[PDB]
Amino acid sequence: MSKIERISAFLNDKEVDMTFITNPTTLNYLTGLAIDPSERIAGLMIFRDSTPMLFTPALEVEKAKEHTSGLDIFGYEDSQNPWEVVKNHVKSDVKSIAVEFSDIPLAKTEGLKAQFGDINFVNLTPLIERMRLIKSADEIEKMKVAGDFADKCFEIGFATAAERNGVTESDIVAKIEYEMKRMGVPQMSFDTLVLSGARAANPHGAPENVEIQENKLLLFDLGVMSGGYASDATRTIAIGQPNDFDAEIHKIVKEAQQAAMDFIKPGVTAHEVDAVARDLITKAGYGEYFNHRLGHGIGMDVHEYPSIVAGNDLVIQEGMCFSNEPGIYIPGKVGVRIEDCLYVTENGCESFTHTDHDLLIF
C-alpha cells in the first residue's frame, strides 16, 4: 500500500475533499523532498480521486519537478496571494480539508477559508502517526546512519572526559557537537546530556560548566539527525575506579537492558518487553528508582510510537523501532541509564548503536 494511496483511502472513507499538508517533516516523509518554505507557503494536496498536487514557492518548482514523481507541481510568485493560486488550481468542490492540527497556524487556515469558504477541517495527524509506526528498509537504513554517528559521539565523549584537566560537562557536550558539525550533521536530535555522579539521578538534569567528578560514573545521552531520521542512545562509563555500589547499579541496569534486547521479537507485547527489564530491576531491589517507561518509538522524531510501557498490550511487529532504556536513579547517590534504539526484524531485533555496554573505566 503506497502512503499516498493510504491517505486517499482515508479521504474517501471520511468523505473529506482534500489534504493541505504543511509540516516540512511530513512533506519529506510523503514526497522525499526536504522543502524548507520558511514562512513562505507550501502544501501537499491529496484528493479522493485525482492527481496529488504539490504547491511550493516559485523558486522551488524547478527542483521539485526533478526530485519528485507522480505529483502535479505548481508555484506562486511573492507578488501573488498563495491561497488565491491554490484556489485557482483546485477547481471544485471543497468543503472539507484534512490538515495537521498541531502544525498549521491560523493565518493558513484563514487563508484557505478566504478562498474556499466555510470549510470543515479534519485532523490528518493521527493517520500520519499510524503510518510512521512501521519503518521501511529505506528508513531503517537512514536510522542506521544516525546510529553510527551516535556511536562516534560516545567515542569522542569518553576520550574528552578522560583528558580531565578541569574538563566540564558542557565542555564535553561542545566537543561532541563540534565533531558532528564537522561531519555534516545538521543538528543533534535532542539536547546532549553529560551528567556526572549523582547529577545523573536528576530526571531534569542538564549539563553545566561543572568539573566531572573523579571516581564517579558519567552518563552520556545523545543522538543526531541525519537524512531526516533520528538516533538516541545512552551509555554510562566510569571516570577512574568507581565504588562497589555504583558498579553494581550499572551491572543491574546493563543486565536488564540486555535481557529486554534478547527478548524482543514479533509476537511479544509492549507490556511484556517493559516487564522483562522492570522485573529484573525490581527483583534486584531498585524498582522504586526505575521511574519511567522502558521505551519510546523513534523515527523522524525522537518520540513517536510505540510506547513500551505497562498496560500496552500492543503486539510487537517487524519494522517497529523503539528505545530500550532502563535506568536506576537514586537521588544524591548515583544514576545509571543504558539505552539503545532498535528495529524489530522477522525473528528478533537489531540495535542501531553498537558501543560497548560494559562499565568502562576512563
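For every residue, the number given is its place in the sequence shown, counted from 1.
**Q** With respect to the recorded C-alpha B factors, which stretch has the higher mean value, 75-83 or 102-110?
**A** Higher of the two, by average CA B-factor, is 75-83.
**Q** With reference to the PDB entry, specify whether the mean Cα temperature factor is higher for 307-315 or for 62-70.
**A** On average, C-alpha B-factors are higher across 62-70.
**Q** Between 326, 37, 335, 297, which one tops the list for C-alpha B-factor in the PDB entry?
**A** Among 326, 37, 335, 297, the highest C-alpha B-factor in the entry belongs to 37.
**Q** Sorting 144, 152, 95, 135 by Cα temperature factor from the record, which one lands on top?
**A** Comparing C-alpha B-factors across 144, 152, 95, 135, the top value belongs to 95.
**Q** Taking the C-alpha B-factors as the PDB entry records them, is residue 196 in the lowest, middle or highest third of its chain?
**A** Its C-alpha B-factor, which the entry lists for residue 196, ranks in the lowest third among residues of this chain.
**Q** Please place residue 267 in the lowest, middle or highest third of its chain according to the CA B-factor in the PDB entry.
**A** For residue 267, the deposited C-alpha B-factor lands in the middle third.
**Q** Taking the chain's C-alpha temperature factors as the reference, tell me which third residue 22 falls into: lowest, middle or highest.
**A** Answer is middle: the recorded C-alpha B-factor places it there.
**Q** Test of reading the entry: by CA B factor among the chain's modelled residues, which third contains residue 223?
**A** Its C-alpha B-factor belongs to the lowest third of this chain's values.
**Q** With respect to C-alpha B-factor, does residue 322 fall in the lowest, middle or highest third of the chain as deposited?
**A** Answer is lowest: the recorded C-alpha B-factor places it there.
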